[PDB]
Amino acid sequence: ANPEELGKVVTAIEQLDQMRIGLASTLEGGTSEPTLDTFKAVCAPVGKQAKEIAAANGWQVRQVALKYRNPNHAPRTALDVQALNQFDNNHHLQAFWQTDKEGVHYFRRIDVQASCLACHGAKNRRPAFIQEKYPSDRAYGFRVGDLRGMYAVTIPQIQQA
């Protein structure tokens, strides 16, 4: 890893975050009843873009949450749990990077805004397709200001070129 690369990671992640926020922005939170707008793609393109960034840069990039919708986003390592804990214990902590044998790891917290409650709010108010597409879903019951999860990036110690 080099200076430009570290900065590129911060920027890429922040752009991914602003992208999600942008897609969700058209939706209200206080709406109880079902609406067609909830069939809008909001978070799937975030995951797709994450894969694209990972592949284009030779990084690992992944969303991680204790309460996840997609099983690919579960915590996997002691570091995942440690990072989520750091975010949980310091609400002002937005992001951090850590180095170890595996390489350089950047984590950036994801918080819950009102719009998000359209699909991650009340369990009983989740849009139809969610439950059958995600049978083991846990990404509900959030309130505005909750810790949603985090982005996790690794710049591996050993590259390919």
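When you see a residue number, it is the position in the sequence shown, counting from 1.
A.B. asks: Comparing average C-alpha B factors as deposited, tell me which of 119-127 and 27-35 sits higher.
C.D. replies: The stretch with the larger average C-alpha B-factor is 27-35.
A.B. asks: Which of the two stretches, 69-77 or 87-95, shows the higher mean Cα temperature factor in the record?
C.D. replies: Looking at the recorded C-alpha B-factors, 69-77 comes out higher on average.
A.B. asks: Taking the C-alpha B-factors as the PDB entry records them, is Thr154 in the lowest, middle or highest third of its chain?
C.D. replies: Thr154: CA B-factor falls in the lowest third of its chain.
A.B. asks: Would the CA B-factor of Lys51 place it in the lowest, middle or highest third of its chain?
C.D. replies: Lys51: CA B-factor falls in the middle third of its chain.
A.B. asks: Taking the values exactly as deposited, rank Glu102 by C-alpha B-factor within its chain and report the matching third: lowest, middle or highest.
C.D. replies: For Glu102, whose C-alpha B-factor we compare with every modelled residue in the chain, the answer is the middle third.
A.B. asks: Place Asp146 in the lowest, middle or highest third of its chain's C-alpha B-factors, as listed in the PDB entry.
C.D. replies: It belongs to the middle third of the chain when residues are ordered by C-alpha B-factor.
A.B. asks: If you rank every modelled residue in this chain by C-alpha B factor, which third holds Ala41: lowest, middle or highest?
C.D. replies: For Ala41, whose C-alpha B-factor we compare with every modelled residue in the chain, the answer is the highest third.
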